[PDB]
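In the structure tokens that follow, the same protein chain appears in two forms, which are kept apart as structure 1 and structure 2.
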Structure 1
């Protein structure tokens, strides 16, 4: 059971490392036993999955017994358990996908509030921890909010989201307009 955290619109690479004669039949399935991708002889076959055009692998690593599932342009909808069946064995990976917005623009006026919201899949309520460039931090679970923006908030904010031990770091630039 491996837990990998991705970021909305980002690419993640789920790892699969077997222990057989450098590269042999394998394939990625979703908890739903749907085939995402596998190798056909020596080729690469992706079935009609919703991840069809955004899914790939690194075909030259199979020789090393590595069969990565690459997933570009990440959606919170891809969150899910992916299974990697390499000949006799199978690896299970849980992909948790997150997004983090700032409904205000990033260019606000001193005194105005700031609202950030974390987009998560029906499966999580994580630890959001954002710091002003000024050391001050705000924690939450979905909705964040700071009540008075100082000119001392301008900069670049760091939002740490935490899950089963793992963590994703988000960075936002807020322009506090005088």
Structure 2
């Protein structure tokens, strides 16, 4: 069903609800079938996955029937389809993690070039639109270039990355000096 976009280095919460509004057993796993985490009573057990240290739940919410999966310090390679198994019902959440960095250049001079590169999971087909501080709207794809920065381009750029019909927004600080 659901598709969720996350940002590299940030944290996401994938949701799972039971029709029952009481505390019952549940577990999460990835598409490669490897168990992420689940429970015995209200004892949380983590599993084998490469997600181990970065995966957690929210123990306090189990009573209302929220058994969320929380994944911290997101990597691009956390992009996967995740599956929540509750009351023998299955609930599917697809995660795509994107990153957007200035190559190796945030402090530039007037007249110089800016080039941002987008990082995305396998099979993606994204595009990027940024707005400069002076409100000029710029398009790109894997790469986004500005060839001749002005003094008014110094400040926070707001860049939105879109895959099909879901978007994630970035803020990038760029210094342009004389």
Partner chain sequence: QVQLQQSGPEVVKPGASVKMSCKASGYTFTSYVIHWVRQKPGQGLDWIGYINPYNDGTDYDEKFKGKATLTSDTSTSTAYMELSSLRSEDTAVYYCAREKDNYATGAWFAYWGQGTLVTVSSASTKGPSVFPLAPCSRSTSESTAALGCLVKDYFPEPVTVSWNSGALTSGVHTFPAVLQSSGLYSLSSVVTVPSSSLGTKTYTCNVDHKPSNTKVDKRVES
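Between two forms, the rigid core is the largest collection of C-alphas that superpose within 1.5 Å. Numbering follows the first chain given and starts at 1.
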> Pick one: is 1 or 2 the form deposited without the partner chain?
Replying inline: 1
> Where the rigid core has been superposed, how far does the Cα of residue 67 end up moving between structures 1 and 2, given in Å?
Replying inline: 0.4
> Rigid core superposed, residue 164 Cα shift between structures 1 and 2 in Å?
Replying inline: 3.8
> Cα shift of residue 104 between structures 1 and 2 after core superposition, in Å?
Replying inline: 4.2
